[PDB]
Each structure stands twice: as structure tokens, then as C-alpha cells.
């Protein structure tokens, strides 16, 4: 397996993953010391569910979207991503780029709307089992907006052939339901 730049890139990403796990071992041994054995167990399970989703996402034959979500927090953004896959695993390869692209657009609208003092969190949920649509996207955000007026264009005027079903935005939260066909 080669190309020295590419090789340097994987080595680098595996290094990020490493830190994440070390932080987790930090939460594990930290409580492990304060003798809170029921939290440690609690955490571990949360860990197994995040890992459980990462997997699923890595099995939708949608590599460009998976790579974006798995690396998003390893880049200098102003919010953290938590994603989950609702429904069984399907072959959404016919949707990879559409999604990947749509997410890029929503992703920076956010990184140009969120305050930078607030602890910003964004949860994206990819549903593969809807009865009427082939795929709906849910985005739940909590934090602070500096330029909330940035979501304007996409509010009145949507984005491509994606039915933006709902888009609510309050003081510190933002809800978006986008459907795909």
C-alpha cells in the first residue's frame, strides 16, 4: 500500500483517532479512581453505541460522506459533530455525493452562523427506513448564533432537489429535516 503523501495522511488520521481513545481512557480511569463503577459501565456502553454507528455509516457504500463525518472533528471547526444512522443498512451509494455535498453546504452555513464563544454541538441523523421518502436527514443543533441571518437563502429558496421539510431556529437551537428521493 503506497504513495508517501497518502501514507502520511493515514498515519496522521490514525493519530487523531488515537487521541480520542486516550481521552476515553481518561474518562474511564478518571471515574475508575473516584470509584464510580456504575458510570464507567455507563460510559463504556455509550462508547459501544458510537462505535456501533460509525460502523453502520461505514456500510452504506457511501465513502465520501463517511470520510467527512469521521474526520470532521479532527479539523478546525467551531462545533462538534455527533452522527447516528437510524434504520438498517442499505446501499445508498447512489446518494453518496448528493449527501456529501449537501452536508458540506449545511456544514459551512453553520460555521458562518455560530458564535465562537459558545460550546456548539450538531447532531446529524441519517434515516434509512422512512416509508414515504427514501432518505430523510435530521440536524439538531445547540449553541449560539452570531449571524443567524446566514440560513436565509436556504430557508426561502431551498437547496437542489432535496425537500427541506422543516427548518426551525431559536436562540440556541436549530432543527432541520431534509428529505431525499
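Positions refer to the first chain, counted from 1.
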| property | result |
| --- | --- |
| Between 40-48 and 135-143 (mean CA B-factor, as deposited), the higher | 40-48 |
| 9-17 versus 156-164 - which carries the larger mean C-alpha B factor in the record | 156-164 |
| Most elevated Cα B-factor in the entry, residues 88, 96, 111, 82 | 111 |
| Largest Cα B-factor, entry values, listed residues 29, 56, 121, 64 | 29 |
| Relative C-alpha B-factor of residue 1, binned into the chain's lowest, middle or highest third | highest |
| Assigned third (lowest, middle, highest) for the C-alpha B factor of residue 33 | highest |
| Chain-relative CA temperature factor third for residue 107 | middle |
| Ranked against its chain, the third holding the CA B-factor of residue 125 | lowest |
| Ranked against its chain, the third holding the CA B-factor of residue 72 | lowest |
